[PDB]
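Read the single chain below, which is given as structure tokens and is the form deposited without 2,5-dihydroxybenzoic acid (GTQ).
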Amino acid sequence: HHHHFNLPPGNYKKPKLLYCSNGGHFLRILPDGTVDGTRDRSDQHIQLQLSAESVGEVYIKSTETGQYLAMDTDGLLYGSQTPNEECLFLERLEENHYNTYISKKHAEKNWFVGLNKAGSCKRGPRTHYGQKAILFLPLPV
């Protein structure tokens, strides 16, 4: 393992909103495959359904479009039509409270799902442990 194994509580029974306190944005996967953040709680592309593939390993999928969140070879988040190796994330508890998501494919490089204060997704290499951008709270839809 390249990472700890503290896991968050809660489950995958219902869909969630992934909220980032860094800039106050919800993770959003747009129909065209774009991924960013929005403060609009009424947005129809921020409802996500997570599922466990192995303990602590998840897919994060758009309930509206069916796309899977994925991180590419250059660290950019995108929406994928089909599940592939770039769509698996290591979901962990962080600061004894939040959820973080590390790219399984690039776990040895510590590339996280993260939103900057401007509401844009961060590129993998620009993320790292200790940032506020990588901290999410799963909220009810």
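Numbering starts at 1 and follows the sequence shown.
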| property | result |
| --- | --- |
| Stretch with the greater mean C-alpha B-factor as recorded in the entry, comparing 27-35 against 76-84 | 27-35 |
| Which of 95-103 and 58-66 has higher mean CA B factor, as the PDB entry lists it | 58-66 |
| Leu48 CA temperature factor, ranked by third within the chain | middle |
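Note that the form deposited with 2,5-dihydroxybenzoic acid (GTQ) bound isn't included here; everything after this is about it.
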item	value
Contact flag, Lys117 vs 2,5-dihydroxybenzoic acid (GTQ) in the entry with it bound, heavy atom cut 4.5 Å	yes
Proximity of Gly24 to 2,5-dihydroxybenzoic acid (GTQ) in the entry with it bound, heavy atoms at 4.5 Å	no
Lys16: touches 2,5-dihydroxybenzoic acid (GTQ) in the entry with it bound, heavy atom cutoff 4.5 angstroms	no
